[PDB]
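A quick write-up on the structure given underneath.
6 protein chains.
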Amino acid sequence: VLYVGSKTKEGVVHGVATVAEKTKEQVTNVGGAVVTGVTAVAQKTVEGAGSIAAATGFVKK
Amino acid sequence: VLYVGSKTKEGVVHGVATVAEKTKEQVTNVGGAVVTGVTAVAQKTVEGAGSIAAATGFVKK
Amino acid sequence: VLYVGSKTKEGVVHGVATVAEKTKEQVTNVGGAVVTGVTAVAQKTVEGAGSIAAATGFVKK
Amino acid sequence: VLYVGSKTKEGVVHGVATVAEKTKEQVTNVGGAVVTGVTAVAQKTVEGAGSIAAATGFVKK
Amino acid sequence: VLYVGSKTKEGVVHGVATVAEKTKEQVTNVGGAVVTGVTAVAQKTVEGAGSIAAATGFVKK
Amino acid sequence: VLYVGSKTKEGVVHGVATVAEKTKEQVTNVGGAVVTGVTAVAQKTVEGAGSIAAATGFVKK
Ligand SMILES: Cc1cc2nc(/C=C/c3ccc(O)c(Br)c3)sc2cc1N(C)CCOCCF
Ligand SMILES: Cc1cc2nc(/C=C/c3ccc(O)c(Br)c3)sc2cc1N(C)CCOCCF
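Listed below in C-alpha cells is the structure:
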C-alpha cells in the first residue's frame, strides 16, 4: 500500500557495444520458423506472457 | 494506494553502439516465418502478451 | 489512488548509434512471412497484445 | 617505376559507431594546452610531419 | 621497380563500436599539456615523424 | 625489385568493441604532460619516428 522506489531499473539493457564482421550469412527456411540476430532488447509485462526470441515450428490440427 | 517513484526505468534500452560489416546476406523463405536482425527494442505491456521477435511457422486446421 | 512519478521512463530507447556496411542483401519470400532489419523501436500497450517484430507464416482453415 | 594497386587503403577509418552519455564535462586551462575528444580522424602526409592530437605546453625563450 | 598490391591496408581502423557512460569528467591544466579521449584514429606518414596523441610539457630555454 | 602482395595489412586495428562506465574521472596537471584514454589507433611511418601516446614532462635548458 506504499512503494517508495528511487533509481529503480526493471528490464533494462544499457552500455552495450557489439561488432559483427561476417563475410556471408545465409538462411534457408522451408516450412518452419527461424529467429536469428536479436540484440539489445528489453521489456516488461504485467499479467501476460513475455517472449523475446521464440520460434515455433507450426501448429497442426 | 501510494507509489512514489523517482528516476524509474521500465523496459528501457540505452547506450548502445553496434557495427555490422557483412559482404552478403541472403534469406530464402518458402512457406514459413523468418525474423532476422532485431536490435535496440524496448516495450512495456499491461494485461497483454508481450513479444519482440517471434516467428510462428503457420497455423493449420 | 496516488502516483507521484518524476523522470519516469517506460518503453524507451535512447542513445543508439549503428553502422551497417553490406555489399548485397537479398530476400526471397514465397508464400510465407519475413521481418528483417528492425532497430530503435519502443512502445507501450495497456490492455492489449504488444508485438514488435512478429512473422506469422499463415493461418489455414 | 610501376605500381599497380587495386582496392588500396592508406590512412582510413570506417565502420565506427560511438555513444557518449556524460552528465557534466568541464575543462579548465590556465596557460597550457589541452586536446580532448578526438574521434574518427584519418590523414596521409608525404614529406612532412603528421600529428593528430598534439598538445604542446608552450615554447619559452 | 614493380609493386602489385591488391586489397592492401596501411594504417587503417575499421569495425569499432565504443560506449562511454560517464557522470562527471573534469580536466584542470595549469601550465602543462593534456591529451585525453582519442579514439578511432589512423594515419600514414612518408619521410616525416608521425605522432597521434603526444603531450609535451613545455620547451624552456 | 618485385613485390606481389595480396590482402596485406600493416598497422591495422579492426573488430573492436569497448565499454567504459565511469562515475567520476578527474585529471589535475600542474606543469607536466598527461595522456589518458587512447583507443583504436593505427599508423604507419616510413623514415620517421612513430609515436602513439607519448607524454614528455618538459625540456629544460
Ligand atoms: C498502466 C499502469 C501502469 C502502472 N505503473 C505503475 C508503477 C510503477 C512504479 C510504482 C512505484 C514505484 O516505486 C516504482 Br520504482 C514504479 S502503477 C500502474 C498502473 C497502471 N494501470 C492504470 C493499470 C490499468 O490496467 C488496465 C486494465 F487493463
Ligand atoms: C608515398 C609512397 C607510397 C608508396 N606505397 C607503396 C606500396 C605499398 C605496397 C606495395 C606492394 C605491395 O605488395 C603491398 Br601489399 C603494398 S610504394 C610507395 C611509394 C611512395 N612514394 C612515391 C615515395 C615518394 O617519396 C617522397 C619523397 F619524400
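Residue numbers (this note's numbering), protein chains in the order written: chain A, 46 to 106; chain B, 46 to 106; chain C, 46 to 106; chain D, 46 to 106; chain E, 46 to 106; chain F, 46 to 106. Just so it is clear, CB atoms sit at the ideal spot from N, CA and C, and this is done for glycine as well.
*Would you say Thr63 of chain D touches ligand 2, meaning its beta carbon is less than 8 Å from a heavy atom?*
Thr63 of chain D: no, Cβ never under 8 Å from ligand 2.
_Beta-ladder partner(s) of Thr53 of chain A, from DSSP_ = When beta bridges are read from the DSSP output, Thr53 of chain A appears opposite no residue.
*Can you tell me the Cα-Cα spacing of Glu66 of chain F and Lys52 of chain B, whole angstroms?*
Inter-residue distance for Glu66 of chain F and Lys52 of chain B is about 19 Å (C-alpha atoms, whole angstroms).
*Measure the beta-carbon distance from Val57 of chain F to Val57 of chain E and round it to whole angstroms, keeping in mind my assumption that it falls under 8 Å.*
Right, their Cβ atoms sit about 5 Å apart.
_Within 8 Å of chain E by C-beta, residues of the region 46-79 of chain B in sequence order_ = Within the region 46-79 of chain B, the residues whose Cβ lies closer than 8 Å to some Cβ of chain E are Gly60, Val61, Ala62, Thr63, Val64, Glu66, listed in chain order.
_Whole-Å CB distance - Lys69 of chain E paired with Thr63 of chain D, under 8 Å assumed_ = Contact annotation, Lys69 of chain E with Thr63 of chain D: C-beta distance approximately 19 Å; criterion of less than 8 Å not satisfied.
_C-alpha gap between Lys106 of chain C and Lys106 of chain B, whole angstroms_ = Going from the Cα of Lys106 of chain C to the Cα of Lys106 of chain B covers about 5 Å.
*Comparing alpha-carbon positions, which option in E:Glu92, E:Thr101, E:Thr84 lies nearest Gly76 of chain E?*
Among E:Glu92, E:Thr101, E:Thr84, the Cα nearest to that of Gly76 of chain E is on E:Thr101.
*Contact test: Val91 of chain C Cβ vs ligand 1 heavy atom, cutoff 8 Å*: Yes; taking the cut-off as 8 Å, the Cβ of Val91 of chain C has a heavy atom of ligand 1 nearer than that.
_DSSP state of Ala94 of chain C mapped onto helix, strand, coil_ = Here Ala94 of chain C sits in coil by DSSP.
*Separation of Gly50 of chain C from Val86 of chain E, as counted between CA atoms*: About 44 Å.
_Buried/exposed call for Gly82 of chain B, threshold 16 Cβ in 10 Å_ = The residue in question, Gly82 of chain B, is buried, as its Cβ has 16 or more Cβ neighbours within 10 Å.
*Going by the C-beta, is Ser51 of chain D closer than 8 Å to any heavy atom of ligand 2?*
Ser51 of chain D has its Cβ no nearer than 8 Å to any heavy atom of ligand 2.
*Is the Cβ-Cβ distance between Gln88 of chain A and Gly95 of chain B less than 9 Å?*
It is a contact, given that the beta carbons lie within the stated cut-off.
*Closest to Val61 of chain A by CA distance: which of A:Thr84, A:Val91, A:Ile97 is it?*
Cα-wise, what sits closest to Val61 of chain A is A:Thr84.
*Going by other Cβ atoms of all chains shown within 10 Å of its Cβ, with 16 needed for buried, is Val79 of chain D buried or exposed?*
By the neighbour-count criterion, in which 16 or more other beta carbons inside 10 Å mark a residue as buried, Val79 of chain D falls on the buried side.
*What three-state label does DSSP hand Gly60 of chain D in the structure shown?*
The answer is strand: DSSP assigns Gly60 of chain D an E or B state.
*Check: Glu70 of chain F C-beta below 8 Å from any heavy atom of ligand 1*: Flag unset: Cβ of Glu70 of chain F not near ligand 1.
_Helix, strand or coil at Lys69 of chain A [DSSP, three-state]_ = Correct three-state label for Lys69 of chain A: strand.
*asked:* Just verifying my parser: in three-state terms, what is the DSSP assignment at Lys89 of chain F?
replied: Note: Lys89 of chain F maps to strand in three-state DSSP.
*Using DSSP bridges, identify the partner residues of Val80 of chain F.*
DSSP lists E:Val80 as partners of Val80 of chain F.
*Between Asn74 of chain B and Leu47 of chain D, what straight-line distance do the alpha-carbon atoms span, to the nearest angstrom?*
Straight-line Cα distance between these residues: approximately 50 Å.
*Looking at the structure shown, is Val104 of chain D part of a helix, part of a strand, or coil, going by DSSP?*
It is a strand residue.
*Leaving aside the five residues before and after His59 of chain E along the sequence, list all residues of the same chain whose C-beta is less than 8 Å from its C-beta, in chain order.*
Within the same chain, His59 of chain E has no close Cβ partners at all.
_Three-state secondary structure (DSSP) of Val46 of chain F_ = In this structure, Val46 of chain F counts as coil in the three-state DSSP scheme.
*Going straight from the alpha carbon of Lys54 of chain C to that of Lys54 of chain B, what length do you get?*
Roughly 5 Å between the two C-alpha positions.
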